[PDB]
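Colleague: Going down the list, the sequences are from chains LG, CM, LN, LX, CJ, CI and CC. Just so you know, the first sequence maps onto residues 89 to 121, 128 to 262 in the entry's author numbering. Just so you know, the second sequence maps onto residues 51 to 219, 235 to 249 in the entry's author numbering. Just so you know, the third sequence maps onto residues 2 to 71, 91 to 102 in the entry's author numbering. Just so you know, the fourth sequence maps onto residues 12 to 33, 42 to 52 in the entry's author numbering. Just so you know, the fifth sequence maps onto residues 86 to 277, 362 to 423 in the entry's author numbering. Taking the entry's author numbering, the leading residue of the sixth sequence gets 184, the next gets one more, and so forth. Just so you know, the seventh sequence maps onto residues 302 to 316, 323 to 401 in the entry's author numbering. For reference, the structure I am asking about is given below.
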Amino acid sequence: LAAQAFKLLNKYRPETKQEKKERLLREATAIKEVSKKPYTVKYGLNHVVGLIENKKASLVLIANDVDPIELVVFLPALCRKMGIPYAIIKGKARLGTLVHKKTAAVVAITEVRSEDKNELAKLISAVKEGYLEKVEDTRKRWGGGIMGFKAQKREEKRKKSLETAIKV
Amino acid sequence: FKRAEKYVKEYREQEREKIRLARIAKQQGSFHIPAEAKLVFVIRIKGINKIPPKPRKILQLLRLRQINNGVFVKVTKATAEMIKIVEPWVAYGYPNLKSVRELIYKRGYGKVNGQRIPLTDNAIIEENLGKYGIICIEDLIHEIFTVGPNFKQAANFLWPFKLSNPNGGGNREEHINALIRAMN
Amino acid sequence: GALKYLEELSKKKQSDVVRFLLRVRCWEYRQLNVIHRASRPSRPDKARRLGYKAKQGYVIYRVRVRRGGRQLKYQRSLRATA
Amino acid sequence: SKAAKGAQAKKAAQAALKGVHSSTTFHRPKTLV
Amino acid sequence: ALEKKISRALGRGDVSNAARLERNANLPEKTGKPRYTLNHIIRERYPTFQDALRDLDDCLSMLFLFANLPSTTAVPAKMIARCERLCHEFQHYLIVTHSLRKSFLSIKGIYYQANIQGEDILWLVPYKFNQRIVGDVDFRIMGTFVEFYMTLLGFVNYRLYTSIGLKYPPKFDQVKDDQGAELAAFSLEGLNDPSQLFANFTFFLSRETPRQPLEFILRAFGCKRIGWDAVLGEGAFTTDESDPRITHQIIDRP
Amino acid sequence: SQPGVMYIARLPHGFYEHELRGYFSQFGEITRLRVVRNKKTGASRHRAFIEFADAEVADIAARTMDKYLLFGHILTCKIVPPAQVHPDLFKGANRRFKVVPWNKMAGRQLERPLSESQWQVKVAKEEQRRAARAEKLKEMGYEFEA
Amino acid sequence: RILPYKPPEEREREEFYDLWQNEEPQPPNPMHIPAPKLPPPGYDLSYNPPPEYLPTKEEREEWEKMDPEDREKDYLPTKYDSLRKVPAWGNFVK
RNA sequence: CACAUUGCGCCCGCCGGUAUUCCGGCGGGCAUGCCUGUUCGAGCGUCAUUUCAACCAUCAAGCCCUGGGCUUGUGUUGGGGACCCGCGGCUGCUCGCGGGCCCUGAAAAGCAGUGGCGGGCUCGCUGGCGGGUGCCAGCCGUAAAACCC
Numbered sequence: 089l090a091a092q093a094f095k096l097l098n099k100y101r102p103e104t105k106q107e108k109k110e111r112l113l114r115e116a117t118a119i120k121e128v129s130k131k132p133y134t135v136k137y138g139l140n141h142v143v144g145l146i147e148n149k150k151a152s153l154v155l156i157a158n159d160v161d162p163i164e165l166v167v168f169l170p171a172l173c174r175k176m177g178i179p180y181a182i183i184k185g186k187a188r189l190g191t192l193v194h195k196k197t198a199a200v201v202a203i204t205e206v207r208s209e210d211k212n213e214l215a216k217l218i219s220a221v222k223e224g225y226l227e228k229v230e231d232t233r234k235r236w237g238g239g240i241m242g243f244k245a246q247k248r249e250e251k252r253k254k255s256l257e258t259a260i261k262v
Numbered sequence: 051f052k053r054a055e056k057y058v059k060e061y062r063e064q065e066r067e068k069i070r071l072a073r074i075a076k077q078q079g080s081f082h083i084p085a086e087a088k089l090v091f092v093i094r095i096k097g098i099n100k101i102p103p104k105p106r107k108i109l110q111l112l113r114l115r116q117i118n119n120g121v122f123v124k125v126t127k128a129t130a131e132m133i134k135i136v137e138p139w140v141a142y143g144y145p146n147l148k149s150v151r152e153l154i155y156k157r158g159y160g161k162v163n164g165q166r167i168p169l170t171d172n173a174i175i176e177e178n179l180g181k182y183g184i185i186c187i188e189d190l191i192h193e194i195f196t197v198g199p200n201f202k203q204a205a206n207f208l209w210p211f212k213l214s215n216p217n218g219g235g236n237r238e239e240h241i242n243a244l245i246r247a248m249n
Numbered sequence: 002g003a004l005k006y007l008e009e010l011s012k013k014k015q016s017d018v019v020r021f022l023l024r025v026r027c028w029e030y031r032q033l034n035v036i037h038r039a040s041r042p043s044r045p046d047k048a049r050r051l052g053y054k055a056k057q058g059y060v061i062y063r064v065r066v067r068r069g070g071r091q092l093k094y095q096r097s098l099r100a101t102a
Numbered sequence: 012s013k014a015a016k017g018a019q020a021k022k023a024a025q026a027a028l029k030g031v032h033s042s043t044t045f046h047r048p049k050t051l052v
Numbered sequence: 086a087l088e089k090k091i092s093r094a095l096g097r098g099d100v101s102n103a104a105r106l107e108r109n110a111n112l113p114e115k116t117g118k119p120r121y122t123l124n125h126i127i128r129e130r131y132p133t134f135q136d137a138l139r140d141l142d143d144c145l146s147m148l149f150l151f152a153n154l155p156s157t158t159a160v161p162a163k164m165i166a167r168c169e170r171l172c173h174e175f176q177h178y179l180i181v182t183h184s185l186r187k188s189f190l191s192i193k194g195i196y197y198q199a200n201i202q203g204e205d206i207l208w209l210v211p212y213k214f215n216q217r218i219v220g221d222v223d224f225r226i227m228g229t230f231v232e233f234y235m236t237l238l239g240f241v242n243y244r245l246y247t248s249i250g251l252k253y254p255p256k257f258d259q260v261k262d263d264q265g266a267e268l269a270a271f272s273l274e275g276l277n362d363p364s365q366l367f368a369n370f371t372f373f374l375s376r377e378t379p380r381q382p383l384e385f386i387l388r389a390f391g392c393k394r395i396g397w398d399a400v401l402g403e404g405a406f407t408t409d410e411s412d413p414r415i416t417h418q419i420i421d422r423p
Numbered sequence: 184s185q186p187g188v189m190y191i192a193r194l195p196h197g198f199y200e201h202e203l204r205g206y207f208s209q210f211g212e213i214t215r216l217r218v219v220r221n222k223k224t225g226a227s228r229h230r231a232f233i234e235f236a237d238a239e240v241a242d243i244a245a246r247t248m249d250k251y252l253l254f255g256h257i258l259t260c261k262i263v264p265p266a267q268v269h270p271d272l273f274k275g276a277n278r279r280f281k282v283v284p285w286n287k288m289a290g291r292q293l294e295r296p297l298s299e300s301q302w303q304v305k306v307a308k309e310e311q312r313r314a315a316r317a318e319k320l321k322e323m324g325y326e327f328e329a
Numbered sequence: 302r303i304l305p306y307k308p309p310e311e312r313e314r315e316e323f324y325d326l327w328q329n330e331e332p333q334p335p336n337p338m339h340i341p342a343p344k345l346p347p348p349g350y351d352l353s354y355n356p357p358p359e360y361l362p363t364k365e366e367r368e369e370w371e372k373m374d375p376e377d378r379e380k381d382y383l384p385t386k387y388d389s390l391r392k393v394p395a396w397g398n399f400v401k
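Written out as C-alpha cells, the structure reads:
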C-alpha cells in the first residue's frame, strides 16, 4: 500500500528549487521577446489541517514518528470527524523526499489531473478497505504490554515479595 | 520470495511475446531490408526474463546465452529472419573497421577443443584455421569484414565477445559502434 | 490550525495523553544534564505565542531547578532562577 | 511437521507484508582535523 | 564532499541536480581527461623542458601499452582513446622532424629510439596481439600513472609542435578514424641522411605485415608513397596490388 | 487432516492458475485449484478457488492477501467454512481449460455437404414457419409469396 | 544583468598553453635520487638472434621447470623464422 | 603551560652559524562558555531498498481508367434483465452461433465442456511394439498436420 500510494504521489511532486527558476526564466524570456491550474501534493501541518477542516483534502498521509507526538495526535480523529480518508505512513523522512524537504509531518492530495482521477479513487478505496477497516477496533485500545521473558520473571518475583508481608 | 505483481507482470510479458511472434510468423520476412550480403554485429542485452521456446533456441545457436555477449553474423535471409525474432533481447547494427579491429584484438578469443584460448599468437590461428588460407589474425579480420567464402569457419572460431558494462555511456546502423566503443 | 488544537491539549495536563507524555519526558530530561540545549520546542504552540520563530538565531535551552523553599520564601520565582 | 508448516507460512506472511530486507570498548572516533 | 552530495541526490529521487552535480565532478568516464588538473605538479616536477624530455621514456611505454589494452573501470574507454590520440600526435612530430633514429625487433616487442633536442628517448611498444592480464594486477595504481603521463605528454606535444611551427592540436577526422585511418586521420597545418633513405621510393604493405610499426618507420625515414590492402585501413596511397608504380612490397607469407 | 478452501475473487488479468499455484505454494502446499471460466470464450470470470492441505495455512494466507491492491484490483481472500464447501467444487481442477472455437465449429458445420432430403422436409418446416410468420403478418397487413 | 533562457538542446551544443613559458634553470637539490634507467636491450632479446645466444633443449626445460623469481633473467633467447611467428610476451603488463 | 622563572611544550615558515639531521634566534599561531554555518563522524534511534513503466501500422504493401478511390495489414474484462429477432440442431420442449434494447466501479461465491495430433508420465508385450492419463505456461479442429528433433 505504501508503494502504490507513492506511485501516485510521485507523479504530483512539487517542482524543485532549480525547476521553478527555469520555468520563471522561460516565461520571462518569452515576454521579453494562459496556463492551467497546477496540481501538486500539499504539505505543511497548518496547511493540511485547514484543508481537512474545509473538506478539500481527498487523501491524507500522516507520519508515524513526529518527535512531539502531540503535533499529530489529533489528526486521525479530525480526519475521521470530517470524513477524510487517511493513512499512517512509516517515515517522516520518506514524506520529506516527496516534497523535497528533510521531513514532512503530513502530506495531502486535494485534486489530481484527469488521467489520474481513477487512480486516486482506487487508492482511496484501497486505503479505507486495507487500512481503516483493519484498525476500526484497535484504534480504541491501549497499546504496549509486550513483556518478554525477563519482564515476566521480574513481575512474578515482585508478587512473591509481597505474598507474605506488605510494608507500607 | 516472489511477489504477486511479478507473476502478473511476467504473464502479460509472455502474452505480448506470443502476440508479436505470431505476427512475425504470418508475415514472414517483415523487415524490409534490400538484398545485400554485409556484416552486422549483435549484442545480447537485458530483457524479458522468461524467453519463449522459439527465441530460446535462436539465442542458443548464435551463442548469445549470457548478457553482454557479441557475435558476427552475415545478413542472409535466414539470419535476418532469426534476428527479427530475437529483436527484444539484442542490440545490433553494422560495425566499422575500427570496431572490428578493436574487438578482435583487445577482446579476441578463440575456441580450441572447446576451450577459450586468447588470440596471443598466429600459431593457433593457422593451426585451427589455415586450411582455408587464414594464417594470421589479420586474415581473420579480413574474412570477417569483407565477408567471404569461409565466414562461417571464421565465425565459429571466434569465441563470443565478453564485453563490459559501459561506464557512463532495432537496426542501429553505425550507432552500434558508439555502443561498442563504450561497451569495450 | 494545528496550534489551536495544541492549545486545548495543553489545557488538559492531567488527561491520559498528556499525563503519559509528561511522565516519559520527565524521565528523559532527568537522564540528561540540568541545563542542556533542546533542538526543538516540546510545546511549539506555547513557544510560538511567546515570540519564538524558526529563524537562525532562535534557540531553546531547557533547565530543571530544585523546588521548595529556602520557612523563608524567595521573592523571585522558580522560573526567574531558571 | 506442523511447526515446520507454520514457520513457512509465517515467513511468507512476513515477506508479503514487510519485504525481504529484514575491541568491545567504545572510543571517540578519529575524525578530520 | 561532492560525491556525498551526489549520493544523497541519487538516493532521494531527484536525478536532475544529481546530473548537475555530476558535471562538476569531472569524471574521467565522461570527459576522458584526468580528474584533477596536474599543471602545477608537472611544472615543479619538471622545472625545464629538458627534464621532461629525459623522463619521456616511461611516459611513452605506459601510453603505448594502454592504447592497446581493453577499457577498465580505473581507465575507461574515453581515456584510452586519448592515449591513442596523444601517441599518434607524438609519432607525427618525429615523422616531420625526422627525429626517429633507431628501431629494434625483440621477443618483448618493438623498441623505438628518438633524439629530441639532444636527449635520447627509448620506449617499448607491444606486439599487436590480445595482451593478457592475469594474476594480481591493479589498474588503480596504473590509472594514477596514466593520469600523470597524459597531462605530461599533452604539454610536451604542444611545445614541440609550436617549436616547429605547426598548430596544436592537429585536426582530427572522426570519419577517417572510423574507417581505420589510425595515424592517417591527422592533418598537420601551420600557423599564420634521415630524409633520403626511402625518399624516391614506393611501398605496398601486405595484410600479414604490421601496419602501424612499418608505416611509422618508413614515413619517418623519408617515404611519401605508402600503400596497403584496404583491410588495413583508409589512407593508403594505393590499394590495388596490381598498381604498376610499386617498387617494394613487404610480405611475410610462405 | 483438515483441508481448507479459499475463495479468491477480483483477480487481475494474468493472475491465472499457474500464478495462483506459484504464489500460494510459497505460503504452503496446494492440493487442488480451479479458476472459473466461460465455455463460449476461454476467459476467466475473475474468481477462483484454492484448496490447501493444511487449514492453518489457508487462514494465514487469506488474512495477509485479503485486501491486496494488484494492478488496480483490490483482491478478496475469504475462507469458505467447511460446512458449505460444495462436494462438487474442484472438477476441472488441475486441468487446462482450453478454448474451443464454437463459432468456427458450428459455422463450418453449416458448410459441410450432406444429403438435403431431411433439409427439404425442413424446407417444408420452413414453409410452415413462414405460415406462422404469415399469421404474425396478418395484423401487419403484409402479403408475400414464395 | 542576467542571461536569457536557452533550451537544453542548445545548452548541450554550446558546452592549451606552454607550461614552461617563464622557465629558468635551477640548481639540482642533493636530496633528489633519480631512478636509474632500465638497461638498453641486448643481442639476446632479438626475435632472430645469432645462433650462439640460443640455449640448449635441456637448458630450456630446466628454465620453465624452475619457478619464477628464482631465475637469473626473466626470459630465454628464442629464434623465430618470421615476425608472423613471434608470439605475444606473456609478462608485458606484469 | 607555568607566581610570570624574562623558564618550558606543540604546529607552520624564515634567518645566522661547516648543515637534510646540530645549535641559537625571529615571525605567525595553540584559554573557556555560547551562537550561526562548514566538514568529518557515532548510534542493537527510525525508515527505504527482490522496480505493477513505455514499447501494434502516428503508416506501409498492392492496384485501377494518372488522381481520387479501393483491397490487405486481427487488435475486444466479466455478469445480469417474463424485452424484440436471424440462422442451425432438438419428434417436440428447448439448446447453440450471431445480432438490437437496458443496467453495472477493472463490479464477482459449485453449476467444466468439445474431438484429436505430438511431447512427458505410467502400465503391459518382445531398444522396439501395444494400451491409459482432471499432465502439457505446444498446436489443430472433429481424419489429420504442424512444432519438435
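Ideal placement from N, C-alpha and C gives every residue a C-beta, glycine not left out.
Taking C-beta to C-beta, are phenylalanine 235 of chain CI and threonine 214 of chain CI nearer than 8 Å?
Modeller: Yes, Cβ-Cβ distance for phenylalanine 235 of chain CI and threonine 214 of chain CI is below 8 Å.
Colleague: Just curious, the alpha helix (DSSP H) that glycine 239 of chain CJ is in, first and last residue?
Modeller: Note, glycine 239 of chain CJ: alpha helix (DSSP H), 224-249.
Colleague: With distances taken from CA atoms, which of CJ:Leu238, CJ:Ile386 and CJ:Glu129 is nearest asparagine 336 of chain CC?
Modeller: Of the listed residues, the one whose Cα sits closest to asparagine 336 of chain CC is CJ:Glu129.
Colleague: Residues in the segment 203-231 of chain CI with C-beta within 7 Å of chain LX's C-beta atoms, listed in sequence order?
Modeller: Cβ contacts with chain LX come from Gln209, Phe210 and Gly211.
Colleague: Assess, as a yes-or-no matter, whether the segment 79-94 of chain CM is touched by the segment 106-122 of chain CM under the definition of 3 or more beta carbon pairs within less than 8 Å.
Modeller: Touching, yes, given that three or more Cβ pairs across the two stretches are closer than 8 Å.
Colleague: Would you list, in chain order, the members of the segment 252-276 of chain CI that have their beta-carbon closer than 7 Å to a beta-carbon of chain LG?
Modeller: Under the 7 Å Cβ criterion, the segment 252-276 of chain CI contributes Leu252, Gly255 and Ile257.
Colleague: I believe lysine 54 of chain LN touches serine 11 of chain LN by the beta-carbon criterion, under 8 Å. Please report the beta-carbon distance rounded to the nearest angstrom.
Modeller: That belief does not hold up - the Cβ atoms of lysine 54 of chain LN and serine 11 of chain LN are roughly 20 Å apart, past 8 Å.
Colleague: Is the CB-CB distance between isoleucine 233 of chain CI and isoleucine 262 of chain CI below 8 Å?
Modeller: Contact: no.
Colleague: Grab me the residues of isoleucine 218 of chain LG's own chain with a C-beta within less than 8 Å of its C-beta, minus the 5 sequence neighbours each way, in chain order.
Modeller: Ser152, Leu153 and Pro179.
Colleague: For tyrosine 234 of chain CJ, return the contacting residues in chain CC, with the cut-off set at a CB-CB distance below 7 Å.
Modeller: Within chain CC, no residue comes near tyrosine 234 of chain CJ; the closest Cβ sits about 14 Å away, beyond 7 Å.
Colleague: Between CJ:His417, CJ:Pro413 and CJ:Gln381, which lies nearest to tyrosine 197 of chain CJ when the distance is taken from Cα to Cα?
Modeller: The residue with the shortest Cα to Cα distance from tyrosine 197 of chain CJ is CJ:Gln381.
Colleague: Tell me the start and end of each unbroken alpha helix (DSSP H) in the segment 138-199 of chain CM that is at least 4 residues and wholly inside, in chain order.
Modeller: You should have 147-156, 172-178 and 187-195.
Colleague: Restricting to runs no shorter than 4 residues, where is the alpha helix (DSSP H) found entirely within the segment 4-65 of chain LN?
Modeller: Counting whole runs of 4 or more residues, the segment 4-65 of chain LN contains the alpha helix (DSSP H) stretches 17-32 and 45-50.
Colleague: Determine which residues share a DSSP beta bridge with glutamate 234 of chain CI and list them.
Modeller: The partner list for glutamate 234 of chain CI (beta bridge, DSSP) reads CI:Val188 and CI:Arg215.
Colleague: Give the secondary structure of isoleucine 135 of chain CM by DSSP, where H, G and I count as helix, E and B as strand, and everything else as coil.
Modeller: Three-state DSSP puts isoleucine 135 of chain CM in a helix.
Colleague: Would you list, in chain order, the members of the segment 219-236 of chain LG that have their beta-carbon closer than 7 Å to a beta-carbon of chain CI?
Modeller: Within the segment 219-236 of chain LG, the residues whose Cβ lies closer than 7 Å to some Cβ of chain CI are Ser219, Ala220, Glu223 and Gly224, listed in chain order.
Colleague: Of the residues CJ:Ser364, CJ:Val222, CJ:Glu232 and CJ:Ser92, which one's Cα is nearest the Cα of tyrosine 121 of chain CJ?
Modeller: Comparing Cα-Cα distances from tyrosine 121 of chain CJ to each of CJ:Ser364, CJ:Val222, CJ:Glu232 and CJ:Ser92, the minimum goes to CJ:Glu232.
Colleague: Taking 6 Å as the limit between beta carbons, can you name the residues of its chain near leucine 366 of chain CJ, skipping five residues before and five after?
Modeller: Once the five neighbours on either side are set aside, the close Cβ partners of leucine 366 of chain CJ are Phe390 and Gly391.
Colleague: Indicate whether at least one CB of chain LX lies closer than 8 Å to the CB of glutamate 239 of chain CI.
Modeller: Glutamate 239 of chain CI counts as touching chain LX.
Colleague: Please classify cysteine 260 of chain CI: does DSSP put it in a helix, a strand, or coil?
Modeller: Three-state DSSP puts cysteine 260 of chain CI in a strand.
Colleague: Please confirm whether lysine 52 of chain CM has its beta-carbon closer than 8 Å to some beta-carbon of chain CI.
Modeller: So, interface residue.
Colleague: Taking a Cβ distance cut-off of 7 Å, strictly less, list which residues of the segment 194-218 of chain LG are near chain CI, in chain order.
Modeller: Against chain CI - using a Cβ distance shorter than 7 Å - the residues of the segment 194-218 of chain LG are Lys216.
Colleague: Name the chain CM residues that come within less than 8 Å of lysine 392 of chain CC, Cβ to Cβ?
Modeller: Within chain CM, the residues near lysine 392 of chain CC are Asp171, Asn172 and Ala173.
Colleague: Relative to the C-alpha of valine 19 of chain LN, which candidate in LG:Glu164, LG:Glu147 and LG:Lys108 has its C-alpha closest?
Modeller: Out of LG:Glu164, LG:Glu147 and LG:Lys108, LG:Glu164 has the C-alpha closest to the C-alpha of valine 19 of chain LN.
Colleague: Could you say which of CI:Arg316, CI:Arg217, CI:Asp237 and CI:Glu202 lies nearest to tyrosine 61 of chain CM if we only look at CA atoms?
Modeller: Here the closest residue by C-alpha is CI:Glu202.
Colleague: Helix, strand or coil for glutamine 25 of chain LX, going by three-state DSSP, please let me know.
Modeller: Of the three classes helix, strand and coil, the one that applies to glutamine 25 of chain LX here is helix, per DSSP.
Colleague: Counting beta carbon pairs with one atom in the segment 259-269 of chain CJ and one in the segment 183-195 of chain CJ, are three or more of them shorter than 8 Å?
Modeller: These segments do not touch.
Colleague: Which whole-angstrom value describes the C-beta separation of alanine 202 of chain LG and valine 160 of chain LG, a residue pair presumed to lie in contact below a C-beta threshold of 8 Å?
Modeller: At roughly 16 Å, the Cβ-Cβ gap does not stay under 8 Å, so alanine 202 of chain LG and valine 160 of chain LG are not in contact.
Colleague: Is there a Cβ of chain CI sitting closer than 8 Å to that of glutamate 55 of chain CM, yes or no?
Modeller: Yes, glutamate 55 of chain CM counts as interfacial toward chain CI.
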